[PDB]
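**Q** Experimental structure and sequence below, a few questions after.
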Amino acid sequence: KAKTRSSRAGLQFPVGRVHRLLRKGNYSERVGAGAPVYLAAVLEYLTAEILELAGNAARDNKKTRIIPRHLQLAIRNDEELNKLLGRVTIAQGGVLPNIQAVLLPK
Amino acid sequence: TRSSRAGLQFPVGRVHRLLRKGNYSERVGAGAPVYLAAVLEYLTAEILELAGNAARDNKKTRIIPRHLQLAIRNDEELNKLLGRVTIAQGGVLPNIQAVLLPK
Amino acid sequence: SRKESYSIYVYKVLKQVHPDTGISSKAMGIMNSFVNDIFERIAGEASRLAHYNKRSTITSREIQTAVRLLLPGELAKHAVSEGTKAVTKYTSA
Amino acid sequence: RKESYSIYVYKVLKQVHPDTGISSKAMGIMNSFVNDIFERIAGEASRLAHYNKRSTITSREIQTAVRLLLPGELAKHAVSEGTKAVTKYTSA
Amino acid sequence: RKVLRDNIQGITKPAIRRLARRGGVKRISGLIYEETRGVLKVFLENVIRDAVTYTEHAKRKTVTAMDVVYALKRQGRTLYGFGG
Amino acid sequence: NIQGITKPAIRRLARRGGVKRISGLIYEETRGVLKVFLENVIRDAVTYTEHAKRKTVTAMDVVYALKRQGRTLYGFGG
Amino acid sequence: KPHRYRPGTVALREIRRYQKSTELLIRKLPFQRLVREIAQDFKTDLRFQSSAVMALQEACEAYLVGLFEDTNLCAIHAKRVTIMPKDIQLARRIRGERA
Amino acid sequence: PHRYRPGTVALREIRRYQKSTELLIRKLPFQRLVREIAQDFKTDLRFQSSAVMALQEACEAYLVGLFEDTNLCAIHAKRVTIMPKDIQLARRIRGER
DNA sequence: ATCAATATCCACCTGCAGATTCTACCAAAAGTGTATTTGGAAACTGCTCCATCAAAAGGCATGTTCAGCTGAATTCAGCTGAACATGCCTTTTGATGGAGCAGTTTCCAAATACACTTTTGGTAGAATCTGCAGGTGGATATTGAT
DNA sequence: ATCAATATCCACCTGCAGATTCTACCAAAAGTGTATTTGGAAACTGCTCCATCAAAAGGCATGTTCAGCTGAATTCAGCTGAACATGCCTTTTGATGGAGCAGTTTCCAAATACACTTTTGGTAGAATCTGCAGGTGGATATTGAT
Ligand SMILES: [Mn+2]
């Protein structure tokens, strides 16, 4: 039959859509062979990283549908992801519940 | 010379080659290489006329780094364009907080 | 007028880490935007090394070293992992 | 080999100020400058390309780009010298 | 339709207040309101300008979301959730 | 080693910076940010040297990651 | 009484509140209007995608809230507990938006 | 004997270094520092004498600029002496830490 | 505000070596001549998506008291960090050399680009589903007055 | 130390607007059999780059002193937060009309590919030259005392 390349690497993302968006992207004159794979991979991985951290957020909040907020929460709570998407903003995301201690009563 | 047809000092060809060899787009128009060369020129021109004045103001006749940095961070626009660029051997413009001064 | 997205693909990766969980449309949105961003940051960074190294072709090697530079901490350690692996699998058979 | 913008900055220096010359290190600063600005405009010019499903970087893509990249009157006068140079190269 | 004018005073004071609480501020100085507006206005201008420039370059008459998205990216306010 | 960057030298860097007076603690803290800086710049630069399959760190190597870091430098390569 | 909450008590209650939610605080119609006005004075007779406007609004609502934190962290730095123009202006300078 | 009042030198020191353009840190300990750090990244490395000016030119510019921003904070708190406190506020604002 | 006695900048002058600038020539491009492919401009034109109005309702924005307690102006003083003249060692620096090593080449075997042809996996509808938005109320704090 | 007075919580509810499935076409992966190049893998110069070696000279580290800057405690003029009430205008729902994206078609006017042909732009000597860099002599800027 026919082996979808994404299958050879055993990934979920489309390795071939990745090869194509790469070539016609002008990032370079000629595209390697495992380049489309390796990248689909990092992308798959990072995609399942912010996924899980957010699912839980749905669980923490007693909901089964992941919504923006959860994602925002997921990001701004993991030191590393918070970092990678520093200058990025999530439509509907909200902000982390944080009060400057000095302002609290006593 | 292609560049002469436009009366520019900067090399139009070099640019046309720098574009087709930059992975910028699949094919480059002819207007581009020129337009840019001129735009590149005009700006270096702007930076010099303004640094010349700088050098002449010091009593030197040779443009050093500091002569450039002065011209740059003193022109509101040039400071904007190069806001996130740092010049080696340039220093800062002499500015002291009034609150620090005596009286 | 058919326009694409990584929609199916994220979704596949969603039932994988959280079988009994589902994602909202707006979220799926926030998702496609992410993937595309990263996708640009990396290929774009690796695009630079090529020029920098007078190399005509972006291999899976550049991608990596592009990932090193672009990703922070373990995220990148664990990152390169899934990739080298994925590519070591691919080529093999 | 290993080419540079040197001659060009020097020629333009001798027009605005015939009596003046430049240092080495300063010549260098200037080199970096040209390079950078180039890169910024060619970049924003490439995006305009891809962005518009277009496949060719016209001069229209350089200009418009320079409107987004260059501030205030630094931009207008920039666009001018560009339209200029191009108007002249074309006729004859 | 009807002339648009002095609308920056539509960004009510109560709203600015709210916006500031989500920020964390507990006590708001008098002058703040006007200041904010000024700063908000300058924002929108830069962003809208750029965006439209993307509408004007695509030879369209309608400003699309991308148009907006694309520009917010130039100002590094990279936004997610509006067109990939 | 970092201790090579002497207190007086720091005061000078401070001076140009427009600082009139200086706490005694700064010095330790100043060195801190200084390390972190050089640390991030150099590493990103090395990666370049290394990816380049070379063993010596060129001017560019610095310049390049210097850009990747937002801090762009003129007069050292282009 | 009448039952009055001391000052500041409601302010904290508002912070916790709006920080738990995610709805755009500026009222939509005026924002929109303001958008067309500004854009009016740049290019005459334009059209706006329903989504385009929200995008703008989402981005602004955002900026300001974040500029508001930095501002706040500045007010604290000067022993105060009231944000001011003085505070806002510093923050934007350090930020470089107008150094 | 004649002693100069306090900080009068500080102002006379400030105008000086601002009127000058020479790296202040001492050239050898720095380069020394450079190699040390870089050595935790890769071994038996070599640098270009130039790459080191690059690594000193850069560093120093950040430091001078970081200071300007530290001043504007200390002044802002009614004070007139940059403290470790002033230095973080300025950094958390810029978006570094 | 002056008077004088330190210490300081700061012009004025001025001489040669590290540089700047000017020459004198070779490959590497840049520029032609011809001959090919193409991108995307112009002219329909189908048809969403956007602009405007209406209407009724209630959700806020305004504007006005009132006063709690935050910002700001004082006052006081412990003590930290600038100015110094001292004493000493680590940066400066000046070659000098041998060699680790960026860089050149010269093949070529392996990995890409190509050009078609089947063969799916993805995208854009409708058909079915079902989390969860919006209300409803008791249960708990959490406040603020006595 | 008590109690109202409110605002925050949390689980139960229940129709429906936003997914989740269910189903066909078709643009774009995949499979093949050529037609290139690309980028190392030995082979090897010339650099630049470590490292040793050897003296002064600032430049740094100390240890003395105390001027004046940063903090803590009061005080109060009054600014800004919390209510309340008044009624304006932002929502919400729906409907049209058509301006103007977008999807096709059709093709010149414009950009690309080789094979040569011309000059220019980068090097490494060869010929100047501007400051660096000292060195006084003259207000300048300071600081302490009447
Ligand atoms: Mn108007």
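**A** Thanks, I have it. Numbering: from 1, shown residues only, chains lettered A, B, ... in the order given.
**Q** From residue C:70, how far out is residue E:71?
**A** 24 Å (Cβ to Cβ, to the nearest Å). Every residue, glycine included, has its C-beta placed from N, CA and C.
**Q** quick one, which of these two is more surrounded?
**A** residue E:71 (26 against 18; other Cβ atoms under 10 Å in any protein chain shown).
**Q** quick one: what helix or strand has whichever residue of chain C sits closest to chain D in it?
**A** Closest approach between chain C and chain D, counting by Cβ to the nearest Cβ: residue C:44, at 9.8 Å. Following DSSP states H and E, one finds residue C:44 within helix C:25-52.
**Q** Tell me the buried residues in that helix?
**A** C:26-39, C:41-43, C:45-50 (16 or more other Cβ atoms under 10 Å in any protein chain shown).
**Q** The residue nearest to the spatial centre of chain A: what's it in contact with?
**A** Of all residues in chain A, the one closest to the mean position by Cα atoms, centre = their mean is residue A:47, 3.7 Å from it. Residues counted as contacts of residue A:47 (Cβ atoms under 8 Å, 6 or more residues apart in numbering or on different chains) are A:13, C:6, C:9-10, C:13, C:31, C:34-35.
**Q** and the residues you listed near chain E, which?
**A** residue C:34 (Cβ under 8 Å from any Cβ of the partner chain).
**Q** can I get the contacts of residue A:47 in a markdown table with distance to chain D?
**A** Compiled in a markdown table, these are given as follows (distance: Cβ to the nearest Cβ, whole Å):
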| residue | distance to chain D |
| --- | --- |
| A:13 | 21 |
| C:6 | 18 |
| C:9 | 22 |
| C:10 | 23 |
| C:13 | 27 |
| C:31 | 22 |
| C:34 | 19 |
| C:35 | 17 |
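**Q** Just give me the closest of the contacts of residue A:47 to the ion.
**A** residue C:34 (37.5 Å; Cβ to the ion).
**Q** Spatially nearest residue to that closest one, not counting backbone neighbours?
**A** The shortest distance from residue C:34 to any residue other than its chain neighbours is 6.4 Å, reached at residue E:80 (Cβ to Cβ, 6 or more residues apart in numbering or on different chains).
**Q** So that neighbour is in contact with residue A:87, correct?
**A** No - using Cβ atoms under 8 Å as the test, residue E:80 is too far from residue A:87 to be in contact (11.3 Å).
**Q** Those two: which has the busier surroundings?
**A** residue E:80 (26 against 11).
**Q** residue contacts, that one?
**A** Residues in contact with residue E:80 (Cβ under 8 Å, 6+ apart) are A:88-91, C:29-30, C:33-34, C:37.
**Q** State the distance from it to residue E:44.
**A** Separation of residue E:80 from residue E:44 (Cβ to Cβ): 20 Å.
**Q** Check residue A:83 too.
**A** Taking Cβ to Cβ, one finds residue A:83 at 29 Å from residue E:44.
**Q** Which one's more surrounded, these two?
**A** residue E:44 (21 against 13).
**Q** Could you pull out the buried residues of the one helix or strand the more buried one maps to?
**A** Using DSSP H and E, residue E:44 sits in helix E:32-57. By neighbour count on 16+ other Cβ under 10 Å, the buried set for helix E:32-57 is E:32-33, E:35-37, E:39-40, E:43-44, E:46-57.
**Q** contacting residues for the residue nearest to residue G:11 when sequence neighbours are not counted?
**A** Leaving out its chain neighbours, the residue that sits closest to residue G:11 by Cβ to Cβ, 6+ apart is residue E:26, at 4.8 Å. By Cβ under 8 Å, 6+ apart, residue E:26 lies in contact with A:103, G:8, G:11-12, G:15, G:81.
**Q** Any of the residues you listed buried? List them.
**A** Buried among these (16+ other Cβ under 10 Å): A:103, G:11-12, G:15.
**Q** ok and the residue in chain A nearest chain D?
**A** For chain A, Cβ to the nearest Cβ, closest residue to chain D: residue A:26, 6.8 Å.
**Q** wait, is residue C:81 part of a strand?
**A** No - judged by DSSP: H, G, I helix; E, B strand; the rest coil, residue C:81 forms no part of a strand; its state is helix.
**Q** Would you mind measuring from it to residue C:59?
**A** Going from residue C:81 to residue C:59 by Cβ to Cβ gives 18 Å.
**Q** Those two: who's more crowded?
**A** residue C:59 (19 against 14).
**Q** Quick check: what element follows the longest helix that chain A contains along the chain?
**A** Secondary structure of chain A per DSSP state H: the longest helix is helix A:35-60. Later in the chain than helix A:35-60, the nearest helix or strand by DSSP H and E is strand A:65-66.
**Q** Contact residues of chain G facing DNA strand J?
**A** Contacts of chain G with DNA strand J, taken as Cβ under 7 Å from any atom of the strand, map to G:1-11, G:13, G:16-17, G:27-30, G:45, G:47, G:82.
**Q** The residue in chain G that chain F sits nearest to: how many residues sit nearby?
**A** In chain G, no residue comes nearer to chain F than residue G:96, which is 10.9 Å away by Cβ to the nearest Cβ. For residue G:96, the count of nearby residues is 12 (other Cβ under 10 Å).
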